[PDB]
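Here is the structure we will look at.
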Amino acid sequence: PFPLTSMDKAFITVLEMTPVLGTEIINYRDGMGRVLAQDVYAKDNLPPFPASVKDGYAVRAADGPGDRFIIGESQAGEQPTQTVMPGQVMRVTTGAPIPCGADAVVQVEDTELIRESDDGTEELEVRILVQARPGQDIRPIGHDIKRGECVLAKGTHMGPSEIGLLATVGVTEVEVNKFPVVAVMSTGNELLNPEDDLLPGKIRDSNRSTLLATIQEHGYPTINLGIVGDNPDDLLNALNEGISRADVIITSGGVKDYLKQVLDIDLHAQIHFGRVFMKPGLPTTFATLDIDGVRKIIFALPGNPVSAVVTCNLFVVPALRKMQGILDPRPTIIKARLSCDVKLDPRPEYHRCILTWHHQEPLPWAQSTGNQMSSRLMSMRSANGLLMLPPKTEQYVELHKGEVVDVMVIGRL
Amino acid sequence: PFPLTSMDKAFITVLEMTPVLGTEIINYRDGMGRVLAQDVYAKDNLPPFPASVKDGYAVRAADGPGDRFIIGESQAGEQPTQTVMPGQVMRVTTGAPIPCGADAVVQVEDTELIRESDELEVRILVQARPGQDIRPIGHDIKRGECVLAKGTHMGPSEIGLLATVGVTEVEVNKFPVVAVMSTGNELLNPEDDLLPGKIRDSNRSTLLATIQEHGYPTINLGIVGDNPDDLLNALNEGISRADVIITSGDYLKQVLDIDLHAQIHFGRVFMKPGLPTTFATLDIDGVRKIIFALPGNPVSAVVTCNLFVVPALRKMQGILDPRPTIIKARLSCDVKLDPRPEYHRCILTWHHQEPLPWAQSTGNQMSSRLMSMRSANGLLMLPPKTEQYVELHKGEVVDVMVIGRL
Amino acid sequence: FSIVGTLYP
Amino acid sequence: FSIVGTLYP
């Protein structure tokens, strides 16, 4: 059928053939997880006014230390109207604007109250005990951000901190790369919907639910194409619907080999590989299709539920991340210690696992759970790692508990 | 005013006073990130029929090795009707069910084809054991078996497991509804142009974005004037609409104490940033609402949010260990220690040729801010200063709190 | 378990 | 890089 594709060559071809989607303008509030398709410039200064850093008094530095009359108080949110003349000071709180006269702030810890108003219970006169430097304890106009300054670069992968920054500079509408819409379907004559009761010779479709859930976890919009009969007609119709509705199409199952036939002869698509030297995921197939200057990508994942979710994180997720504009869509790889003994396969092997960090230990531990369909570890934690086990060699044939292996992060820790 | 609270005591007191929310029934598709409030039992066997593990032929073991006539092929999705008699065999694929006659499967690699269509006959070269290369009824899941325990934090794999066993409606802990507000006469909405003496409100946007990242529903109470009247009204709305109220930026504490008759647990915490952090609880109609008063400084706001609010929210949604994940990492830069425990947003990056990840500070804003295209995913945990150690050098190992997807 | 940095020799 | 595990003795 298809030539044997190495694990690295398969991955590289996925990222290389996966297109980067177009751009759109979105509101800053919806910017979570988006990639900037523009530079963001501030149109204001921050702060727009000179502001006090400490609670105390705004002083004319040239006055130096001595006794001064307090002409009023600068309150945050109101631009002061009074001008401080020599021998006078103005009471300031943190964040309050500095009046026209002063050029420095002396903190209240460095002052002593001398006289209070005859009544009204207001401070009247204070003794400044320290010689302020000009500009001391003041955040000058544009100290944090100047107008015309670039605050965010094109390509920035935005999180909550960036979104607040957009709110700061007043950029509420921003151009970003579109998110991929992903269509997911399952093929097989034995598959029934989860909502259905079982019938003889049938089982429930779990691949679809898991795959959609995995893609949703990354914040991408999905399309449920439901269950397709293992025949060219319903299969082709399903693909045609996926193409007109989505940017990515993912299917699982269907080993003849009706799917590979449809993509090649009917859609005139390019199947880049149909087999990959890995465990699990051997019959993983990846194809691209170009329609009207737009490239659609198609994933044919194995029917086995474990193989599906493993290959999804290995191939689909990095592709989806490139598509949304992420400059390094490559997954995060961390070093960890095996919790259990493991036998090595001639193929590179992958297992779902849970990463746990112990305070008295520098490295995290990885506990296998990818031993499904026989013994399944009932943990209260969801698997957040993908164990990356090496292929067997003439010398090393087995890995022992405690030994350091590579683990691929596949979720919030 | 308020006593100075140690960093550890503040954290423990938040978690101890934060309640765990009630339960609700949801569809399995919307179960992402939820905690089960029930055990989930399977009502079927998986597989419900004996299924082949390998491609080959289903044979009667008692027949042993020899030449057999192929009476048909078992196709996936169709329960076979033919019975394998002595001297007969049936072609099978992996997902296919085992016929009534056979009790074992021999793979095609261990057989040789004898006759072909104008497959008709095969020679079995190996002595099969009974049940060989067949996954029998209930091999993976047995009926009545608990497949998911109460307290399980569900991810995509668990969602599929529910879909497998046919449990489409499941009882889980409610998610917390979080109301967020900002106070201050200098605050304008981000959508607004600046006016003299005013700045734009970023705290509200950041906090809401942070809570949304964890999948919790939020309520924007907007900017509230710094006066008891407007302040009380906003809080009453927050209480009536949400389970958690977060505010940022003396009037506030008075309203909580005198007007709402709430219990303020602490008002100052020995930390940097986050000194004026205030935490309070309010019991109304047997229901406990919690209130977070975070500092006005934008960095102070987002740091204290991840330290106190996020673990609280996780306990509330039923997570058994709401405590954050802390990983060991190396400083990318030299740093001076403060008498207070210190926290900085940073970026964690793992190098293939290095065992531990590196932490690069970004919490040096308002002077030099690192414009990276990666968002901060870590909270650097710097120790309080000691007689010996006053500074930490590049490469040395510190604690980092993971605060996002890597 | 404490949310305070731990020193290393 | 490569998404294949790298062993250390």
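By convention here, the chains of the structure tokens are called A, B, ... in the order presented, each chain's residues are numbered starting at 1, and ligands are numbered starting at 1 in the order presented.
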
Check: which chain D residues lie within 10 Å of chain B using only C-alpha atoms, as a count of residues only
3

Taking only residues of chain A that have an atom at most 6 Å from an atom of chain D, what is each one's shortest atom pair and its distance in Å to one decimal, using only C-alpha atoms, in chain and number order, as a tab-separated table?
residue	atom	partner	partner_atom	distance
A:8	CA	D:2	CA	5.9
A:388	CA	D:5	CA	4.8
A:389	CA	D:5	CA	4.9
A:390	CA	D:5	CA	4.3
A:406	CA	D:5	CA	5.4

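Between CA of residue 172 (chain B) and CA of residue 139 (chain B) there is a distance of 28.4 Å.
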
Could you please tell me, as a PyMOL selection string, which residues of chain A have an atom within 6 Å of chain B when using only C-alpha atoms?
chain A and resi 76-79+144+156-157+159-161+164+167-168+170+189-190+194+201-202+204+206+209-210+213-214+335+362+373-374+380-382+412

Report as a compact mmCIF listing (two decimals) with N, CA and C atoms, in the first residue's frame: the residues of region 117-273 of chain A with a DSSP assignment of strand (DSSP E), based on the backbone of this structure.
# COMPACT_ATOMS: atom_id res chain seq x y z
N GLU A 123 -4.23 69.71 57.93
CA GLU A 123 -2.82 70.03 58.08
C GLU A 123 -2.56 71.41 57.50
N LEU A 124 -1.74 72.20 58.19
CA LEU A 124 -1.52 73.59 57.80
C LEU A 124 -0.07 73.82 57.42
N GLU A 125 0.84 73.18 58.14
CA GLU A 125 2.27 73.40 57.93
C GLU A 125 3.06 72.14 58.27
N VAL A 126 4.01 71.79 57.41
CA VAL A 126 4.82 70.60 57.62
C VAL A 126 6.29 70.91 57.44
N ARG A 127 7.13 70.16 58.14
CA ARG A 127 8.56 70.32 58.01
C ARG A 127 9.13 69.19 57.16
N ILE A 128 9.68 69.56 56.01
CA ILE A 128 10.30 68.59 55.13
C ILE A 128 11.72 68.35 55.63
N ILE A 138 8.52 60.37 41.59
CA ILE A 138 7.51 60.73 40.60
C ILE A 138 7.60 59.84 39.37
N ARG A 139 6.47 59.30 38.94
CA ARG A 139 6.40 58.60 37.66
C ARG A 139 6.06 59.61 36.58
N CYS A 150 5.70 50.79 20.49
CA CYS A 150 5.11 49.48 20.23
C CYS A 150 5.04 48.68 21.52
N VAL A 151 3.83 48.34 21.96
CA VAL A 151 3.66 47.62 23.21
C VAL A 151 3.53 46.11 22.99
N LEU A 152 3.09 45.72 21.79
CA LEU A 152 2.96 44.31 21.45
C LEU A 152 3.36 44.06 20.00
N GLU A 173 -10.06 46.90 19.48
CA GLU A 173 -10.24 46.06 18.29
C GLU A 173 -8.87 45.74 17.72
N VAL A 174 -8.60 44.46 17.51
CA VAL A 174 -7.26 44.06 17.09
C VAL A 174 -7.29 42.93 16.05
N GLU A 175 -6.39 43.03 15.07
CA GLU A 175 -6.32 42.04 14.00
C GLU A 175 -5.47 40.84 14.40
N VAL A 176 -6.06 39.66 14.28
CA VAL A 176 -5.41 38.42 14.68
C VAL A 176 -5.60 37.34 13.62
N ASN A 177 -4.82 36.27 13.71
CA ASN A 177 -5.03 35.11 12.84
C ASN A 177 -6.30 34.36 13.22
N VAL A 182 -12.59 22.82 12.96
CA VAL A 182 -12.21 21.43 12.76
C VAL A 182 -13.41 20.50 12.70
N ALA A 183 -13.54 19.77 11.59
CA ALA A 183 -14.62 18.81 11.43
C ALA A 183 -14.15 17.41 11.80
N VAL A 184 -14.93 16.73 12.64
CA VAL A 184 -14.56 15.40 13.11
C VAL A 184 -15.67 14.39 12.83
N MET A 185 -15.29 13.24 12.27
CA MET A 185 -16.24 12.17 11.99
C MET A 185 -15.63 10.81 12.29
N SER A 186 -16.48 9.81 12.48
CA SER A 186 -16.03 8.44 12.68
C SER A 186 -16.64 7.52 11.63
N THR A 187 -15.86 6.55 11.16
CA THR A 187 -16.33 5.62 10.15
C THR A 187 -16.28 4.19 10.68
N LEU A 191 -20.25 1.25 14.65
CA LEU A 191 -20.36 2.41 15.53
C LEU A 191 -21.79 2.90 15.70
N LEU A 192 -22.20 3.04 16.96
CA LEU A 192 -23.45 3.70 17.31
C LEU A 192 -23.15 4.93 18.14
N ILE A 203 -20.82 -1.26 18.98
CA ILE A 203 -20.25 -0.59 20.14
C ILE A 203 -20.47 0.91 19.99
N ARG A 204 -20.16 1.68 21.04
CA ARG A 204 -20.39 3.12 21.00
C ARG A 204 -19.18 3.90 20.51
N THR A 222 -15.37 23.64 16.62
CA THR A 222 -15.46 22.30 16.04
C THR A 222 -16.79 22.06 15.33
N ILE A 223 -16.79 21.09 14.42
CA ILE A 223 -18.01 20.67 13.74
C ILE A 223 -18.19 19.16 13.84
N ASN A 224 -19.33 18.74 14.36
CA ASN A 224 -19.62 17.32 14.52
C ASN A 224 -20.30 16.76 13.27
N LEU A 225 -19.56 15.97 12.50
CA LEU A 225 -20.08 15.38 11.28
C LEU A 225 -20.76 14.04 11.55
N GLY A 226 -20.74 13.61 12.80
CA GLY A 226 -21.42 12.39 13.20
C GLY A 226 -20.78 11.13 12.65
N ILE A 227 -21.52 10.03 12.69
CA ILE A 227 -21.01 8.74 12.25
C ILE A 227 -21.34 8.46 10.79
N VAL A 228 -20.32 8.07 10.03
CA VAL A 228 -20.46 7.78 8.61
C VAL A 228 -20.34 6.29 8.34
N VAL A 248 -10.18 22.08 8.73
CA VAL A 248 -9.52 20.81 9.01
C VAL A 248 -10.57 19.70 9.10
N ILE A 249 -10.27 18.55 8.50
CA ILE A 249 -11.16 17.40 8.61
C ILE A 249 -10.44 16.21 9.24
N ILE A 250 -11.01 15.70 10.33
CA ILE A 250 -10.43 14.55 11.03
C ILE A 250 -11.39 13.37 11.02
N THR A 251 -10.90 12.22 10.57
CA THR A 251 -11.68 11.00 10.58
C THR A 251 -10.91 9.87 11.26
N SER A 252 -11.64 8.90 11.80
CA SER A 252 -11.00 7.76 12.45
C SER A 252 -11.68 6.44 12.09
N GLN A 270 -3.81 15.18 -2.18
CA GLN A 270 -2.45 14.66 -2.06
C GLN A 270 -2.25 13.96 -0.72
N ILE A 271 -2.13 12.64 -0.77
CA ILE A 271 -1.87 11.86 0.43
C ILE A 271 -0.36 11.77 0.64
N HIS A 272 0.11 12.39 1.71
CA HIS A 272 1.55 12.53 1.93
C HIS A 272 2.15 11.28 2.57
N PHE A 273 1.43 10.69 3.51
CA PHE A 273 1.80 9.38 4.02
C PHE A 273 0.57 8.62 4.52

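Using only C-alpha atoms, the residues found no farther than 12 Å from residue 279 (chain A), other than those of its own chain fewer than 4 positions away, are residues 6, 7, 275, 283, 284, 302, 304, 306, 307, 308, 310, 311, 314, 344, 345, 346, 347, 348, 349, 350, 351, 370, 387, 388, 389, 390 and 391 of chain A; 4 of chain D.
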
Write out as a list in words all residues of region 123-217 of chain B that backbone DSSP assigns to helix (DSSP H, G or I).
residues 156, 157, 158, 159, 160, 161, 162, 163, 164, 165, 203, 204, 205, 206, 207, 208, 209, 210, 211, 212 and 213 of chain B

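Taking CA of residue 239 (chain B) and CA of residue 306 (chain B) as endpoints, the distance between them is 21.9 Å.
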